[PDB]
């Protein structure tokens, strides 16, 4: 019998200040739902564009392809996409694309925006762009590199990325209201993999349950256990992490191993190098997480109105780990 008042108070205060028009949360501990509540206009089935919350899901689609084909985390781009031969980008590894360590430019040069609904067209435009640094040498967050990662999975399966998501992840989990494409163009819900995901509280909770159980759902192996472990491992490695990236800024943690495959390693045990809190926050307030020490997975879904970073110091991106912090307090007496 936990007391969830402190969490409810924080979320209600965001609604009372008009930061969001609505929202919903679900917190699960040791496979029991401890707290589930919708605010404002929302239900569990309200569809929301969740931006970077989809990076976690997109990495899982690619992991399901890696499980089924000769595609591997250490494959170079040019093995699969021969139009990249002759370009320094051809030697980028799949794991580097998904860990923000590729050196591919973060977003198209202004005023262009990658809103492509087909990755083959997206990747042709990305091919023309100079890199910003040598692969593996720096961490820099962005969206273009994951377009390339997605296209490599498309080629390995002979099938486009959105249909792959439905075949390999959404259908087997019973996610019925989710999609990466078509891409909404209102701003900040693009490119496809990095920011395109539209989902619901009920859909994304099914995804997190799967991840929490090391890729199993019931009697099905949705991802191999090793694939889930690799997604959660240090994929930044020796890349230089600049001061003030999300983990340092939002959580105060100073490890360099801040990212896996499409997911942040928010809290890490130094002695083992294992991450015990993992997340994929979006700029507009969506915050999914797992805390292995708590035995918790949860998801807050919402979309900020106005700017993400407001004059009272609230931030729908950098403020989000208050949710996992408050749950950690609650579930440990």
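Residue numbers count along the first chain shown, from 1.
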With B-factors read from the PDB entry, the higher C-alpha mean of 212-220 and 199-207 is in 212-220
Once average C-alpha B-factors are taken from the entry for 15-23 and 320-328, the winner is 15-23
The residue of 235, 102, 253, 83 with the maximal C-alpha B-factor according to the PDB record is 83
Note to self: of 154, 248, 162, 78, the C-alpha temperature factor tops out at 78
Residue 168: C-alpha B-factor third of its chain, per the entry, is the middle
So, residue 257's CA B-factor, relative to its chain, sits in which third? The lowest
Of the three thirds of Cα B-factor ranks in this chain, residue 266 occupies the lowest
Residue 93: CA B-factor among chain residues, third -> middle
Quick tally, chain-level thirds of C-alpha B-factors: residue 122 sits in the middle
